[PDB]
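Have a look at the structure below before the remarks.
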Amino acid sequence: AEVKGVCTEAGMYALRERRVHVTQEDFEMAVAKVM
Amino acid sequence: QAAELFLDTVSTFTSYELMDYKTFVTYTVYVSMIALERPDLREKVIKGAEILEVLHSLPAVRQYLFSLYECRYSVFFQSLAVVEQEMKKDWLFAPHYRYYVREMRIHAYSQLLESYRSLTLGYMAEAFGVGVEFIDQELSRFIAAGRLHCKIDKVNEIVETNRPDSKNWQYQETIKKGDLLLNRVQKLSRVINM
Amino acid sequence: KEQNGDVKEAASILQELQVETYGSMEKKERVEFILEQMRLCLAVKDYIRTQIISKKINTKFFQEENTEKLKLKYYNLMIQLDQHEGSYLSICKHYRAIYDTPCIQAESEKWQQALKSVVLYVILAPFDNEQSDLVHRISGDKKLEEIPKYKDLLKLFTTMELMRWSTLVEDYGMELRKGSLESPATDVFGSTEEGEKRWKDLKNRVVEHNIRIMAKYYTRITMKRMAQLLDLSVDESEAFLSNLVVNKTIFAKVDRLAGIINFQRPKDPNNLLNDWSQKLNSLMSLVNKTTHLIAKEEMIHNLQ
Amino acid sequence: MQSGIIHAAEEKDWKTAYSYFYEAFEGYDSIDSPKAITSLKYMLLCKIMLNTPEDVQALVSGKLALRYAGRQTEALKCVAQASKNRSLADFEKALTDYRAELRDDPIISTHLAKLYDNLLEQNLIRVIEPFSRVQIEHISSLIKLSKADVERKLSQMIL
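Chains as they are written, first to last, in PDB author numbering: chain C, 357 to 391; chain Y, 196 to 389; chain W, 153 to 456; chain X, 212 to 370.
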């Protein structure tokens with residue numbers, strides 16, 4: 357569940373930085389936010 | 196549509212089962228040159244970070260694309276010759292290499308002629324590195340085909356451009372496509388009625 | 153503080169007060185306090201502060217009797233603010249409001265000067281629907297009759313015809329910018345930096361009027377003639393026209409090579425056929441009207 | 212602030228850089244440092260680079276930006292006015308006025324080239340708008356540039 361939340365929050369970070377592709381930085385920030 | 200899809204998936208390409216990223220970017224650059232207009236080409240290919248990095252890796256196709264973009268002529272033609280050779284070698288592009296080269300030559304001629312009311316065949320030949328007679332015959336062939344918006348005065352060699360309204364092109368395309376679809380509809384009608 | 157100089161600190165002292173909120177204070181004293189605020193703000197040369205303070209006065213208050221000095225001071229401060237800003241339409245409105253003051257209404261010379269300022273500033277205002285309506289009302293004003301020349305100037309600026317700035321200056325200049333000792337000449341164009349600016353603006357308004365008239369009457373014109381009629385050289389005339397075109401006040405395509413200007417937008421088939429169909433509709437309506445007239449005359453002259 | 216620098220130092224997106232600078236300005240708004248002035252400077256630079264110079268005046272006139280009037284924000288005000296006027300001469304005048312402020316490499320000297328290019332294009336558009344057929348020499352005389360350079364730029368714009 358936390359892994360899925362990390363994926364979703366990486367998508368949300370890619371959204372916040374208006375952009376079409378989720379990136380390594382988005383995944384990093386998603387992990388940091390979720391944990 | 197090939198260029199549209201390739202530009203969509205340029206930054207997310209992972210299908211190595213088909214071909215390497217180098218070849219993928221090569222194909223993307225080719226289709227983008229032959230399909231996209233100057234603004235879209237500038238925004239997508241000439242400035243896309245991934246395309247620029249892979250073109251830094253590629254010594255030749257980068258030169259081809261940028262020569263086309265920034266109007267360095269006759270280098271566009273050596274590039275077009277080499278790319279034509281590899282297109283003919285390639286199985287995917289093979290039964291379209293002649294068409295692609297013809298379209299790219301037409302695009303280069305149109306790009307050179309767009310921003311000038313007249314342009315001497317001598318200047319055209321000097322820009323393209325080719326001879327005056329060859330460029331004259333090529334230009335006349337394309338004008339007869341109807342894919343260039345100019346005429347050429349031969350008694351005193353000079354290419355004079357014109358601006359036909361897009362309504363004429365749209366009418367010609369409408370007549371052509373409607374003729375194809377009307378032939379199909381009539382064929383269906385004969386098939387059904389009897 | 154002000155009597156001791158140091159006007160900025162006195163200003164600050166005043167705007168520390170939110171006099172608009174004090175309920176017990178009478179309305180007249182509240183307005184006087186706000187006017188003092190505005191006066192010291194103007195002295196400090198804080199026009200933004202003066203404007204926002206001015207926004208705290210309800211002009212309706214200058215109608216319930218005894219409000220003569222208050223309204224005159226308010227509108228004079230508004231005129232000063234708008235002059236320091238650059239507007240002319242608001243100055244015209246404020247001068248007209250002053251003209252509407254009984255105190256100015258009496259003492260004939262006062263309303264002479266007030267109406268002169270109103271006319272001058274409505275002329276100076278750039279053209280638009282609001283300015284056109286204002287000049288319409290000012291011309292409709294009856295008391296213009298007393299002043300001989302300013303009514304004529306308003307007539308010239310409201311007439312749909314050209315007017316050369318040379319003859320404008322010759323006929324009117326000597327009795328607007330100076331002169332008229334018998335009837336004091338307003339200070340709208342006085343020999344001071346701001347008066348020079350206003351005179352240049354009047355020249356610009358004259359040129360704009362000429363260009364508008366030429367735009368509406370001409371299908372096509374040459375620069376060598378447009379400049380001649382605008383009393384400018386070819387370069388200044390074409391620069392003015394380019395400024396107007398860029399601002400989108402007037403449409404005009406300038407073929408510099410042939411020295412031509414055309415004010416007609418490119419012909420659209422939709423527009424052409426719409427004009428043709430409107431002509432046809434008007435024709436049908438006119439034949440209906442004329443046959444009704446036929447019936448009327450036949451009724452009158454047929455029975456007997 | 213560092214993210215807003217790195218974005219628009221790598222170019223690409225300017226709206227995200229403007230958002231980063233706005234957040235940095237809110238953070239630096241005298242709450243914890245005096246760098247709010249430079250954050251606002253970068254914010255105005257992003258707003259003008261976005262081809263939206265009309266917003267700079269409101270951005271500087273905002274209640275919170277009102278208390279930052281100075282040689283650092285008025286310079287960007289002048290640059291925004293030049294961009295609105297599409298007047299390369301006025302842009303050069305603003306640079307000459309605020310040379311050190313706008314050219315002492317405060318992470319804007321790398322963008323003055325783009326400013327010059329886009330403003331030159333806009334000024335050419337403005338000068339050619341009231342014309343159906345004009346001399347290139349006349350355009351050069353109006354925009355203060357060489358005939359060959361304006362010819363090349365006009366050809367590029369046409370293409």
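Note that the Cβ used here is the ideal one computed from N, Cα and C, for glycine as well.
Of the listed residues the options, nearest to residue i (C-alpha basis)
i      : options                        : result
Y:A230 : Y:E352, Y:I347, Y:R336, Y:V296 : Y:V296
W:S394 : W:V439, W:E178, W:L381, W:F415 : W:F415
W:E313 : W:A367, W:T442, W:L272         : W:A367
W:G157 : W:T338, W:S176, W:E178, W:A195 : W:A195
W:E161 : W:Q189, W:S176, W:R364         : W:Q189
W:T371 : W:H361, W:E327, W:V406         : W:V406
C:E381 : X:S250, X:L370, X:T249, X:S214 : X:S214
X:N296 : W:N399, W:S429, W:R357         : W:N399
W:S242 : W:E298, W:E449, W:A277, W:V439 : W:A277
X:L299 : X:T249, X:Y327, X:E312, X:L255 : X:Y327
Y:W364 : Y:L343, Y:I347, Y:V256         : Y:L343
Y:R358 : Y:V386, Y:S305, Y:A244, Y:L200 : Y:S305
Y:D203 : Y:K217, Y:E245, Y:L213         : Y:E245
W:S318 : W:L306, W:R248, W:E282, W:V358 : W:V358
X:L270 : X:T284, X:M368, X:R314         : X:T284
Y:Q332 : Y:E238, Y:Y268, Y:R300         : Y:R300
W:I365 : W:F403, W:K419, W:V386         : W:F403
Y:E298 : Y:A340, Y:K349, Y:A322, Y:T207 : Y:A340
W:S332 : W:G292, W:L438, W:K301         : W:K301
W:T374 : W:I413, W:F341, W:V386         : W:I413
Y:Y311 : X:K252, X:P245, X:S366         : X:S366
Continuous alpha helix (DSSP H) stretch holding residue i: start and end
i      : result
W:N210 : Where W:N210 is concerned, there is no enclosing alpha helix (DSSP H), given that its DSSP letter is neither H nor E.
W:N218 : Note, W:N218: premise wrong, no alpha helix (DSSP H); not H, not E.
X:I350 : 347-354
W:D323 : 317-324
Y:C266 : No alpha helix (DSSP H) contains Y:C266, which DSSP labels as neither H nor E.
W:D158 : Counting along the chain, W:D158 falls outside any alpha helix (DSSP H), and DSSP gives it neither H nor E.
C:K360 : 358-372
Y:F323 : 316-323
W:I186 : 179-196
Y:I301 : 292-309
X:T284 : 284-296
X:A269 : 265-272
W:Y302 : 300-310
Y:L202 : 197-203
X:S366 : 358-369
W:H246 : 241-251
X:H322 : It is not in any alpha helix (DSSP H) - X:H322 carries neither H nor E in the DSSP assignment.
W:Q170 : Unbroken run through W:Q170: none, as it is neither H nor E.
W:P278 : Careful: W:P278 lies outside any alpha helix (DSSP H) and carries neither H nor E.
W:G238 : Segment: none, W:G238 is in no alpha helix (DSSP H) and carries neither H nor E.
X:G215 : 213-217
Counted within 10 angstroms of its Cβ, other Cβ atoms place residue i as buried (16 or more) or exposed
i      : result
Y:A289 : exposed
Y:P254 : exposed
W:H236 : exposed
X:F236 : buried
X:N334 : buried
X:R282 : exposed
W:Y226 : buried
W:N423 : exposed
C:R372 : exposed
W:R350 : buried
Y:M389 : exposed
X:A276 : buried
Local conformation of residue i per DSSP, three classes
i                      : result
Y:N357                 : coil
Y:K349                 : coil
Y:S210                 : coil
residue 168 of chain X : Examination of residue 168 of chain X is not possible in this model, given that chain X is present from 212 through 370 alone.
Y:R342                 : coil
Y:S313                 : strand
X:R344                 : strand
X:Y239                 : coil
C:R375                 : coil
residue 404 of chain Y : Outside the shown range of chain Y, which is 196 to 389, sits residue 404 of chain Y, and nothing can be said about it.
Proximity test, residue i beta-carbon vs the ligand PLP heavy atom, cut-off 7 Å
i      : result
X:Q292 : Only the bare structure without any ligand can be found here, which leaves the ligand PLP out of the picture.
Extract the residue ranges of the beta strand (DSSP E) inside the segment 338-426 of chain W, only unbroken runs of 3 or more that lie entirely within it.
Whole beta strand (DSSP E) segments, 3+ residues: 405-407, 412-414.
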